[PDB]
Structure formats: C-alpha cells, structure tokens
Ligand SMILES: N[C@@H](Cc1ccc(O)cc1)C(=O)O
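One chain comes next, on its own, written as structure tokens: the form solved without ligand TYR.
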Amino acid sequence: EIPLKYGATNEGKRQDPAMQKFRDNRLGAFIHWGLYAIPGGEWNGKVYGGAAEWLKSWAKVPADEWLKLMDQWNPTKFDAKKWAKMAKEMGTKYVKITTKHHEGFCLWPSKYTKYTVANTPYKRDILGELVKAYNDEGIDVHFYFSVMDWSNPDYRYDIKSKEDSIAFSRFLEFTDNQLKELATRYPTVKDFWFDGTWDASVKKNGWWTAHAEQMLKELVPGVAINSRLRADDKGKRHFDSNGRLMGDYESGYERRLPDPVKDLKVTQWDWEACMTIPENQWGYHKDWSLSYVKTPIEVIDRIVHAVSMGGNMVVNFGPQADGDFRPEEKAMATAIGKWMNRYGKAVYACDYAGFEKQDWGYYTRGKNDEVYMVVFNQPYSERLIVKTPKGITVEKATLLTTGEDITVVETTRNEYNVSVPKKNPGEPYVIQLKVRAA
C-alpha cells in the first residue's frame, strides 16, 4: 500500500445527486470548435489526414501565424438556441464544449490572454451563449479544457532547468486563473474534462492536478472532474499507484469500448467514452472521405454498449467555421434522436444488468428492475437467447414500442428463447423483460 499525498480522493462511486445526474444523463454530445475549423485540415493547399484540430502541429505553423486566424473568426450563422434545439432533438442530456483546445484560443473572453473570442470580428462570448442556450433546454454543460497550450510561451513539455521550472510555475498560475474564471463566469457548469495532461511537466507536478480538482470542487458544488486530469506523487495517471481511480469517473475508450465479456471491471466505477464520427477527426475537417465514417446504427450500437456496461457515451461534433453543422452531422443527430425517442427508456437512467452477454445485442437495466434487451443482430433462428443469473426468472416480455406480448419459452434450467417480434422492426429494437428474483 504505497502512501500518497495526491492519489485517489473517492473510494467507490459518488452517489450525490449531481453525480447521479451525470450518470443518468448517459447520452451527451461533444463540441470541438476552435480556430482549426477555419482551415479545416488544409494548410497552403495541402490537406492533412491527421486530426484537423492538430493541424498547427502537422503543418508546423508558428503560433503567431496560427493565431492570426482569429482575424477570420466570424461565424455569422452561429445561433446558440438553434444548437441547443439540435441537441435537444438528438436526445442528448448534456454537451461537453472545448472552452480552449491545445491551440489556446478561448471561446470565452478570458482576461488572462488576448487569444480569445473578444479579439475577433465576431466579438461575442460563444461559450456564454451556449451555456445559456443549452441550460434553457434543460441540458447540462461540461467544459473541455486543454492544459497543454501552444499559445503560451511559458508552457513546457518537460522541466530540464530552473528556467523551465520558473516558466512552468507561471504557466500553472495562468492555468489556475483561467479555470477559476470558467468556474465563476459559468457557474452552472457540471463537469471539467481535462486534456493535454500527459507531458512529463504535468506528470512531474501531480500535486497541481489534485489542487486543480480540489479548487474546482470548492468553486462549483457537485462538479465532476475526469480521470485524465490526474497524476499522483509518482506521476501515474488516471489510476494512482495503488490502482485507485483518480477524479470522479474514468475517461477513455475513445478508440475501443470495454469488451462486454472480459472488461466487466469497468462496472465498478463511473466512466465515459467519447467518440468521433470519422475514425479520428474531432475538429471540423473538410474531407471526410479520408477515413471510415460511422453510420448512425454504428454509433447507436456504441451508445448502448456503453450503457450496458455502466458508462456514458458522448458523440462528437466539429462545427463549421460559419457556425453551422455539416450535413452528415445533422443527419446523424436526427437519426439518433428518432431512435432515442422510440427506445430511450433503455438508455436514460440505465446501467449494467448483470446478465451474461449474448450475440443479439445488449442488456440494460432500468431504475425499477426493468431489463431491456436491445437487439442489433437479428437471429435467423428467430429466437433470442437469454441466460439468467441464478435465482432470476423471466416472467414476461413485451415489445417496448407497441406493448405487444412476446413469447418466452424456457429451454433449460437458466435459459430461455425470447421470440423476435411478429413483424421485423427493421432497425435495432427493444424488448422489455419483467424479471423476478427468489
């Protein structure tokens, strides 16, 4: 048992109302919007296949020159109420917003740097307007923040000297000032999601990560903080050197979700996956033909998969420079919202059901012991196998959308065949089980 000043703070899941709301939300959207939306992955006639929000790096653009993009920041089609409506229709319960990405351009009028929205033709506090607009739709708002900041010369990747070390303290101070500003200007914020905390400079200053979490929790009651912020005394990140989760929930599973058979350990803590629609574009990139683009059913599968394992899923959007959304993204949000509007009773406020995974899809459990079968792979057998845990029996099955009764047959001791519906629903669909325990 290694002793640590800056390791894990929670032991187990938070059960306060604010974390319960975080959890019960389940479905969110991510907004990556920044100066990178203007060049859209293209610099001086070259289209880069890398993530558009890292274009500064790929095209080796100097900061002075990258930040001059502020002169072009004027999203005349931007309308916060329209964004909030789109989110509401999609069925999202929260939105995570890049307040500042690695480039260091702030979407709120920070007084601690001139690289902000206030110094652009558009002038307006984009972040403030989104906060209000989402909140008026009853949508929670979470703040992405990049500690790594390519706009501030005090930033260091490592500390190799007194001069580094001095510069970096000033950088941490600046960072604290920005975070305080965010927390006080936008007091309805429910979460800070840190990024760009993997450099040796940050790993060598875990104390700062614990301080940042504490400071923010003091300023914003109930706020959630992600694991990626956090490094312990030994520089170990996400989980401390005793294997205990730091922050309030695990943030990962960006490429791959936990395996539904081998990774059941995740059910023991809150966690949240965030995904891109293309393979790896978060900011707006003009050419989506460069990588595979997920269809709505692929995305819905991922959303349900996360909830079936006690996790939230967040779907990313990279708005256009003009302040509108590209057609693929509007289509995606609409598809998802139609599906959520028929089947969201099996997503919202649901969790791990404790049933052995089957090939036809996923189980989720409702707040009142409902067990939902979410079918993504329709068996030619027309039989959906359900293997119950010891002492559990299935008393009824019902098609969620129509209420029709669905036949359940016991095949052996802890096992049933739940028939598919009389008419193929033609999309992923839900059957609700009434189950009874000894």
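Numbers follow the displayed sequence, beginning with 1.
Another form, the form solved in complex with ligand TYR, is not on view; read the next lines as being about it.
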Which residue, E410, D369, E65, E395, is the contact with ligand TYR in the entry with it bound, using a 4.5 Å heavy atom cutoff? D369
Which residue, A353, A210, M332, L245, has a heavy atom that falls within 4.5 Å of ligand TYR in the entry with it bound? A353
Contact flag, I2 vs ligand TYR in the entry with it bound, heavy atom cut 4.5 Å: no
Residue contact check: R365 to ligand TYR in the entry with it bound, 4.5 Å heavy atom: yes
Closest heavy atom of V435 to ligand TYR in the entry with it bound, within 4.5 Å or not? yes
Heavy atom contact within 4.5 Å of ligand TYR in the entry with it bound, the stretch among 154-162, 103-111, 353-361, 321-329: 353-361
